[PDB]
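Below, in structure tokens: the form deposited in one PDB entry, a single chain.
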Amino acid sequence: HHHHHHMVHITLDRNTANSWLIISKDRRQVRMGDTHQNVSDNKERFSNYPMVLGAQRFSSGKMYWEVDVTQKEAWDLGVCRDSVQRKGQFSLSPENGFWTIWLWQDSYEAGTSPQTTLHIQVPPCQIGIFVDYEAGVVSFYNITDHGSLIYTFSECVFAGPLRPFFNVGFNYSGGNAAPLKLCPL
């Protein structure tokens, strides 16, 4: 792809994080902690899942960023509406304000309703995310495989400002402790 020139510097918003997440000093990395991380609760925090938002809000233009997923067993990545539900159980779908892909149990799926099987020959270590607000597009690229296309959501109805979206996953197995990292420009 040729989207690299729309690169944006994303940082994580601590206030939105599940209370078990550890966000680095530079706000560019996040991982699951092994306990509650000693923060106060607030209405922004994702309660049920190890999720966090980027600080940046997008309402126009073209944006691109990259995330390192090396050696993780499970994660979700993409964008979401600023007003998505934070508390309780919910599915990742465009109807609920999410445009995402994930890894779970050795398969990659797009967060459509119902979910769509992805066809990835080279397991990615870094993912590129492209948003074209005006066109209503969210695309995902396999940086490990020369930028090959993973998935495009088109005809998106964003219906609000967008925020970068992250889920480090569940780490019941002891094999999913590694961080998500925002990769440098």
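When you see a residue number, it is the position in the sequence shown, counting from 1.
Chemist: Return whichever of 19-27 and 161-169 has the greater mean Cα B factor according to the PDB record.
Modeler: The deposited B-factors put 19-27 ahead on the C-alpha mean.
Chemist: Taking the mean of the C-alpha B-factors per stretch from the entry, tell me the winner out of 51-59 and 120-128.
Modeler: Higher mean C-alpha B-factor in the PDB entry: 120-128.
Chemist: Highest Cα B-factor in the PDB entry belongs to which of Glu109, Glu95, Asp82, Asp76?
Modeler: Top of the list by C-alpha B-factor: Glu95.
Chemist: Taking the C-alpha B-factors as the PDB entry records them, is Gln105 in the lowest, middle or highest third of its chain?
Modeler: According to the entry, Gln105 has a C-alpha B-factor in the chain's middle third.
Chemist: Compared with the other modelled residues in the chain, in which third is the CA B-factor of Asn42?
Modeler: Its C-alpha B-factor, which the entry lists for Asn42, ranks in the highest third among residues of this chain.
Chemist: Lowest, middle or highest third: which one holds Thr144 when the chain's residues are ordered by CA B-factor from the entry?
Modeler: It belongs to the highest third of the chain when residues are ordered by C-alpha B-factor.
Chemist: Which third, lowest, middle or highest, does the CA B-factor of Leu180 fall in along this chain?
Modeler: For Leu180, the deposited C-alpha B-factor lands in the lowest third.
Another form exists, deposited with a small molecule bound; not displayed. Remarks below refer to it.
Chemist: So in the bound PDB entry, does any heavy atom of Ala178 sit within 4.5 Å of the small molecule?
Modeler: Flag for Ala178 set to yes.
Chemist: At 4.5 Å between heavy atoms, is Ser148 in contact with the small molecule in the bound PDB entry?
Modeler: The answer is no: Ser148 has no heavy atom within 4.5 Å of the small molecule.
Chemist: Under a 4.5 Å heavy atom criterion, is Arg28 part of the interface with the small molecule in the bound PDB entry?
Modeler: Flag for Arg28 set to no.
Chemist: With heavy atoms only and a cut-off of 4.5 Å, decide whether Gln56 touches the small molecule in the bound PDB entry.
Modeler: Answer no; every heavy atom of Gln56 is more than 4.5 Å from the small molecule in the bound PDB entry.
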